[PDB]
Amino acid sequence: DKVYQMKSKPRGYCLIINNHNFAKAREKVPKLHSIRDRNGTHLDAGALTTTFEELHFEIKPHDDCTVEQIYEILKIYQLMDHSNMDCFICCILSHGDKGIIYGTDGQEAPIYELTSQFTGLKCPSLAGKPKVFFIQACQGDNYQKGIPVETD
């Protein structure tokens, strides 16, 4: 089986956007009046840091980002030279809704607006290299129902 080259050190950048404080969302966006701070999110940021540092990525953490700050960070990495990297990872920890994630300011970023910054034409030094996005957020307000099955 063909496998992506994965031998550079660092392997690549692993961005962590870690949104905890939604005071601005509660203040400025009517429907998000009672959106809660994401207590415990630092435990995810730390787990990702440990995990991907162990796997030889260079971790780039960013805490409490508004939508504009998120776009600013991604633009930096879109324009960066990844020629000496074999991979790029971007982790987003935040609130969200259908197809979007929220900045701490309660503005919306469509997920595909984030990923599309790293296409081959937009970021040539990542062409042919894996680009991995992990999105920890709700994608709506519905509860996923359970169904009964036999135990394995």
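Numbering starts at 1 and follows the sequence shown.
Practice task
Take the C-alpha B-factors listed in the entry for 33-41 and for 118-126, compute each mean, and give the stretch with the larger one.
Solution key: Per the deposited B-factors, the answer is 33-41.
Practice task
Compare the mean C-alpha B-factor of 22-30 with that of 48-56 as given in the PDB entry, and name the stretch with the higher value.
Solution key: If you average the C-alpha B-factors of 22-30 and of 48-56, the larger mean comes out for 22-30.
Problem - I70 - which third its CA temperature factor falls in, relative to the rest of the chain - result: According to the entry, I70 has a C-alpha B-factor in the chain's middle third.
Practice task
Quick one: classify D97 as lowest, middle or highest third of the chain based on its Cα B-factor.
Solution key: It belongs to the middle third of the chain when residues are ordered by C-alpha B-factor.
Exercise for the section: Rank-wise, by C-alpha B-factor, drop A109 into the lowest, middle or highest third of its chain. Expected result: Highest third of the chain for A109's C-alpha B-factor.
Problem - CA B-factor ranking of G12, expressed as a third of its chain - result: Within its chain, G12 is a lowest-third residue by C-alpha B-factor, going by the deposited values.
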